[PDB]
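Working notes, structure below.
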Amino acid sequence: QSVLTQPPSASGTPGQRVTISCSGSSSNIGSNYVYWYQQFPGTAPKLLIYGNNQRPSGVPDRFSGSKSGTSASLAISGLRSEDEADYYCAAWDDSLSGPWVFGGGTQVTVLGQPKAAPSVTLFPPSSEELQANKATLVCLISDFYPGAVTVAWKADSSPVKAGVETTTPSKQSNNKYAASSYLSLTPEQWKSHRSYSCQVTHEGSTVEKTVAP
Amino acid sequence: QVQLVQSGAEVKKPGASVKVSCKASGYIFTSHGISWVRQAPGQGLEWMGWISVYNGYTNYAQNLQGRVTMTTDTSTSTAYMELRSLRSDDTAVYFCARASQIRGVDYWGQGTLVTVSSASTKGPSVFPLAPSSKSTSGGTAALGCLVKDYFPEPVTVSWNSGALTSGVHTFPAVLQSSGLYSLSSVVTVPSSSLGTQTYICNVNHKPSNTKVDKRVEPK
């Protein structure tokens, strides 16, 4: 659907200059102004570059835009963790695809951050939930990097396959990652086992927390 | 000081219409156009059209097959987008944004999530995740709240009416098999504070017009 073409991903380590290409044709980039946007999860896009290469208020000059022929480029100099976001190009377009077109977005990852094993907290069902004849175990996984984990659940020592829901890791305010997993059970299942465990695998090694009724 | 403030998230049945509003401030409303851009969850930005606040000219994206109408009210500095004959493929965050020739689409509203579904709104069930000796790790203790079985997105969570922010993480929601969402919010606090400090999670689910303030107390 996007008329302009950007790479789906770009990456670098801190202090690198990362470039993101945006290609189109004569009716858009070739003849018209290009714009760039930064978007963080859950937030609106923010204008980063207008008019091919101008920075609006508050955008620091380590972001630079350029254009040549029918392709444009955003350069993120001095890369740092706060630059992890999606970046979109856009342009006016004089063809039938116009009047305004977007690229498909580029997700920027910043590598070379300090590795960190996860912290795991496992909450039992609350007394309130049990009194409502339901039960959820809540496994919260925090302060890890890189942002990838797997979660497995056990009842006593037996693997539990059903009733599990697991979120994709996302960044904490401190730029490390967190994730969550839930196990739904009946109150009688909760009460009838000696313990339940959540086992988190990160970078090949595991951290497992156990709770007991 | 340019700001565009949109109306709240909404759920709509297939075949219904939605009208989103966008209140502009910090500049002369008629001096710029207003564009609308939508974004399906996790996906890219799609231009829908734009209107000249000053002279009324409009241009709409062909792929919407005539289903969008854009209007403005100069007296209240508000722009509106109405999308008719809704379908589930219309589920998206809808953004208002200011438009002009030089600066392009420059300032954007905060976005409005419109969920198109035959299911009815449902407010959350909020349960405390109580601190205990088992949720404490050398000087810090975790406590939280579990926000269960709501529809549609979004929910917001604060702690102590916004006074407690350091050490807070609110997780993304998961869409369960029932078609309802659940999420959690957790705070890491000093163990010593557990006595004499209070903790209330403030859950707002605007789609169902429900707010829940749940006290989270030691077991």
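For the numbers below, each heavy atom of this structure counts, side chains included, while hydrogens, waters and symmetry mates do not. Every chain is numbered from 1 and lettered A, B, ... according to where its sequence line falls, protein lines coming before strand lines.
Neither the backbone nor the side chain of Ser142(A) has a heavy atom closer than 4.5 Å to any heavy atom of chain B. Heavy atoms closer than 4.5 Å to chain A are found nowhere in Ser132(B), neither backbone nor side chain. With a threshold of 4.5 angstrom between heavy atoms, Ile141(A) approaches chain B through N, CA, C or O but not through any side-chain atom. Heavy atoms of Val126(B) lying under 4.5 Å from chain A belong exclusively to its backbone. Only the backbone of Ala179(A) comes within less than 4.5 Å of a heavy atom in chain B; its side chain stays farther off. In this structure, the portion of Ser100(B) lying under 4.5 Å from any heavy atom of chain A is its backbone and not its side chain. At a 4.5 Å heavy-atom cutoff, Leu113(B) makes no contact with chain A through either its backbone or its side chain. Both the backbone and the side chain of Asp106(B) come within less than 4.5 Å of a heavy atom in chain A. Contacts of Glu129(A) with chain B are made by both backbone and side-chain atoms, with heavy-atom separations under 4.5 Å. Of the atoms belonging to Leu146(B), it is side-chain heavy atoms, and not backbone ones, that fall under 4.5 Å from chain A. Within the 4.5 angstrom heavy-atom criterion, atoms from both the backbone and the side chain of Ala142(B) approach chain A.
Here the closest heavy-atom approach between residue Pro99(A) and residue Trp47(B) is recorded as CD-CH2, 3.3 Å. Contact record, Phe127(B) with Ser126(A): CB-OG, 3.6 Å, taken as the closest heavy-atom pair. Shortest non-hydrogen contact noted between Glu165(A) and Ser177(B) is OE2-N, 4.1 Å.
To the nearest 0.5 Å, atoms CG (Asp143(A)) and NE2 (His169(B)) are separated by 10.0 Å. Distance check, rounded to the nearest 0.5 Å: CG of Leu183(B) to OG1 of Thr167(A) gives 10.0 Å. One finds the NZ atom of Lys209(A) at 6.0 Å from the OG atom of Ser137(B) (value rounded to the nearest 0.5 Å). The line from CH2 of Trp108(B) to CG of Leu47(A) is 9.5 Å long, rounded to the nearest 0.5 Å. Taking NZ of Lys134(B) as the start and CZ of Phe123(A) as the end, the distance is 14.0 Å to the nearest 0.5 Å. Rounding to the nearest 0.5 angstrom, the gap separating the CD atom in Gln176(B) from the OG atom in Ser184(A) is 6.0 Å.
Put simply, the side chain of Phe171(B) reaches to within 4.5 Å of the side chain of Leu140(A), judged on heavy atoms.
Side-chain atoms of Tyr33(A) never come within 3.5 Å of backbone atoms of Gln101(B) as a donor-acceptor pair (strictly under, hydrogens ignored). Put simply, the side chain of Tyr182(A) gets close to the backbone of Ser184(B): a donor and an acceptor are under 3.5 Å apart.
For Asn133(A), the side chain to side chain contact (heavy atoms under 4.5 Å, CB included) criterion is met by no residue, not counting sequence neighbours.
Comparing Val105(B), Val174(B), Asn59(B) by how many heavy-atom pairs each has under 4.5 Å with chain A, the most go to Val105(B). Chain B forms more heavy-atom pairs under 4.5 Å with one residue of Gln39(A), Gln54(A), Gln1(A) than with any other, namely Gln39(A). Between chain B and the options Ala178(A), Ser180(A), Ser170(A), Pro45(A), the largest number of non-hydrogen pairs under 4.5 Å is found for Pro45(A). Of all the listed residues (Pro172(B), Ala61(B), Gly111(B)), the one sharing the greatest number of non-hydrogen pairs under 4.5 Å with chain A is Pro172(B).
For residues 20-45 of chain B, a heavy-atom distance under 4.5 Å to chain A picks out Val37(B), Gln39(B), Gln43(B), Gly44(B), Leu45(B), given by residue number. Identified by a heavy-atom distance below 4.5 Å to chain A, the contributing residues of residues 147-168 of chain B are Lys148(B), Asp149(B), in residue-number order.
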(request) Give the intermediate values and the outcome of side chain to side chain contact (heavy atoms under 4.5 Å, CB included) for residues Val138(A) and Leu129(B). (result) CA-CA 9 Å; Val138(A) 176; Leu129(B) 304 172; 4.2 Å; yes

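Atom CZ of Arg62(A) has more than 12 heavy atoms from other residues, nucleotides or ligands within 6.0 Å.
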Let me check something: any side-chain donor-acceptor pairs from residues 21-30 of chain A under 3.5 Å, sequence neighbours excluded? List them with distances.
from	atom 1	to	atom 2	distance (Å)
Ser23(A)	OG	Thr5(A)	O	3.4
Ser25(A)	OG	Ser27(A)	OG	3.4
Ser25(A)	OG	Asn28(A)	ND2	3.3
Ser27(A)	OG	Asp93(A)	OD1	2.9
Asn28(A)	OD1	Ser25(A)	N	2.9
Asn28(A)	ND2	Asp93(A)	OD2	2.9

